[PDB]
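Trainee: sequence unknown, structure follows:
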């Protein structure tokens, strides 16, 4: 999956550094063809951000982020889609929380959030669960 | 590598103590010649310190330490040079603050959106220092090397 050096918004949550991105070692043309391609590691774009929602009871316009606490376990983050909401993992939410944007998401009650319709339309496959454990090539010269 | 007992700014972050260093045991001439010499453990000499930056929007004078807020992910320290900023390892940032204190005790906190505009530059060598505290061996239990 492709990455860029200037995009502090995606590097900072992921744990990468611009130097560590620009100074990486070369790769053979043969290995580059064997590996299947993933999407760009970029801030996931939301279509028609700021528009009105299709469903009743929506806490806000398209592209806004909503969060609800729990009695136990972590807080459940979510984003407003055109036809509903989709739950997002913490690391994905941290990407969106960086542009400036709002200082905090819309806080809401668990029951109303459970009553709203859930949709799945934005791809999360490329983003991980925790900061990446980047292998230091000087000690591991082969892949 | 050489180190001096008067430089409290470097002894403390590494995990050394002035008395401990002064009471170190002898070394034979035979072993002194065998070991290769490495660069000295001293405070990094940042060039042209204190002047204004060339690039726009610089958060402070050349040589100030910058950090980013913890809410946006693991904190990355950096140094502002004349033409841009270069990253710093955690252990070295502590030495620059302690030595370059002159009464100041903390860095300037800046957000990612304003940080991303600053150009990246690499103009000083910093690979000598380790990335974590020194596990100094208590010589009474290991008198041979």
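Mentor: Yes, it's here. Numbers count the residues shown, from 1 in each chain, chains lettered A, B, ... in the order given.
Trainee: residues from chain A in reach of chain B?
Mentor: Proximity of chain A to chain B (Cβ under 8 Å from any Cβ of the partner chain) is limited to residues A:5-9, A:12-15, A:17-19, A:22, A:94, A:97-100, A:131. The way it works is simple: take the backbone N, C-alpha and C, and place the C-beta from them, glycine included.
Trainee: wait, a strand at residue A:66?
Mentor: Yes. Assignment of residue A:66 by DSSP: H, G, I helix; E, B strand; the rest coil places it within a strand.
Trainee: how many neighbours does it have?
Mentor: 21 (other Cβ atoms under 10 Å in any protein chain shown).
Trainee: tell me who's in contact with the most centrally placed residue in chain A.
Mentor: Centroid check for chain A by Cα atoms, centre = their mean gives residue A:92 as the closest residue, at 2.7 Å. Neighbour list for residue A:92: A:44, A:77, A:124, A:127 [criterion: Cβ atoms under 8 Å, 6 or more residues apart in numbering or on different chains].
Trainee: how about the host helix or strand of it: buried residues?
Mentor: Mapping residue A:92 onto the secondary structure by DSSP states H and E places it in helix A:90-96. By neighbour count on 16 or more other Cβ atoms under 10 Å in any protein chain shown, the buried set for helix A:90-96 is A:91, A:92, A:93, A:94, A:95, A:96.
Trainee: how far does it sit from its chain's centre?
Mentor: 5 Å (Cα atoms, centre = their mean, to the nearest Å).
Trainee: over to stretch A:66-74?
Mentor: The answer for stretch A:66-74 is 19 Å, by Cα atoms, centre = their mean.
Trainee: returning to that earlier point: give me the subset of the residues of chain A next to chain B that lies in strands.
Mentor: Among those, no member is found in strands (DSSP state E).
Trainee: of those, buried ones?
Mentor: Of the residues of chain A next to chain B, these count as buried by 16+ other Cβ under 10 Å: A:7, A:8, A:9, A:12, A:13, A:14, A:15, A:17, A:18, A:94, A:97, A:98.
Trainee: look up how far residue A:120 lies from the fourth one.
Mentor: Using Cβ to Cβ, to the nearest Å, one gets 27 Å for the distance from residue A:12 to residue A:120.
Trainee: also residue A:22?
Mentor: 36 Å.
Trainee: same question for residue A:139.
Mentor: 40 Å.
Trainee: which one's more surrounded, the two?
Mentor: Neighbours per residue (other Cβ under 10 Å) separate residue A:139 from residue A:120, with residue A:120 holding more: 10 against 6.
Trainee: and the helices in chain A, which stretches?
Mentor: With DSSP state H as the criterion, chain A has helices at A:8-14, A:18-22, A:29-34, A:90-96, A:110-115.
Trainee: residue A:56: which of these is closest?
Mentor: helix A:110-115 (10.4 Å; Cβ to Cβ).
Trainee: from the contact counts, what lies against the closest one?
Mentor: strand A:65-68 (3 or more Cβ pairs under 8 Å, 6 or more residues apart in numbering or on different chains; DSSP states H and E).
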